[PDB]
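One chain follows as structure tokens, the form deposited in one PDB entry.
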């Protein structure tokens, strides 16, 4: 029984044979990565942007140390730290981690992956990729007057010691994510969200042997993507991945939902509920933003229909799927747990109806 995170587990991982991520990912320049481009070719595979040129991505120089983070964030903040060899969550002060990080004699491999600093002084030092901000649901549809607290999952600071490892998972709410390495190196292990892979993943996630079974072996292809310093990786909706901090590293990233793969996003959300995921508490109002998106997407469809235009295939697919989700959450036998998530400014039953006829119409007049 070789368990995840251990020294033995890392020896194998570091010497295994993985098809190169180069087989599925698209490398491009910051300027080519546009909303327009993605609406044409879609966002179905990871995108690597080697140079931060034209991304709109701004951040401290490659010399920003873990020490500078203690200053700008406040060594007092209690952050979640992972005990890699045990694959268990812990809690430390940002001050203690930095003490532990800069200490040559590291007794345990500890990793920090959830430090969201948008509500801190260091926030001013980072501007996220324009494409993320452009596609982001929170950026485009979150009201300035909701009772719900706006979700802040756009700026995370990642720090890890060599050999820290994160097992296979799907980001909360099936969010896409942008990831930039400041210094050091991270190695991603990517798995395509095919119907077969999702099934196995959920099964692997609910099996007791999960920690002793490398999920990479359970699928046809597990791609290795090395993210070196200065590079920016963009992972799309539903992608199953694991990460290995190959060397002391500091990176930045953020998650975001969008209209390109709503179906997949909803699928992942439903799965996270079936598994009871602790990460799904970062996007606690996923259902709320979904109601907001449904209202905007309805307006757009109304506009195209009343003028004789046909919506792009993906938009109809996404709305059709969003309709199914909303209708599900409204079921008498389930609404008791979804009711509070419905926005004050929306009429649930009516919105779902308008959605049904606008979709039916598109189905008929086509």
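The term rigid core refers to the maximal set of C-alpha atoms that superpose within 1.5 Å between the two forms. Numbering follows the first chain given and starts at 1. Only residues modelled in both forms are compared.
When 41-49 is weighed against 57-65, 57-65 comes out higher, by mean CA B-factor as recorded in the entry. Set 76-84 against 139-147 and average the Cα temperature factors; 76-84 ends up higher.
Going by the entry's values, 100 shows the largest Cα B-factor out of 100, 172, 201, 223.
Residue-level temperature factors show residue 167 in the lowest third of its chain, judged at the C-alpha atom. In the deposited entry, the Cα temperature factor of residue 346 sits in the top third of values across the chain's modelled residues. In the deposited entry, the Cα temperature factor of residue 260 sits in the bottom third of values across the chain's modelled residues. Looking at the C-alpha B-factors along this chain, the one for residue 10 belongs to the middle third. Remark: residue 25 belongs to the middle third of its chain, ranked by C-alpha B-factor as recorded.
A second form of this protein, the form deposited in another entry, is not displayed here; the remarks below concern that form.
Core-superposed comparison between this form and the one not shown: among 149, 278, 143, 230, the single residue whose C-alpha moves by 2 Å or more is 278. The two forms, fitted on the rigid core, differ between this form and the one not shown by 2 Å or more at the CA of residue 360.
Residue 304: CA moves 2 Å or more between this form and the one not shown after rigid-core fitting. Expansion of the residue 124-residue 282 CA spacing by 3 Å or more is recorded in the other entry, set against this form. Figure legend: C-alpha atoms of residue 215 and residue 281, shown here, are separated by at least 3 angstroms less in the other entry. Residues present in both forms were compared between this form and the one not shown after fitting on the core; consecutive runs of three or more with every C-alpha moved by 2 angstroms or more are 278-283, 303-310, 360-366.
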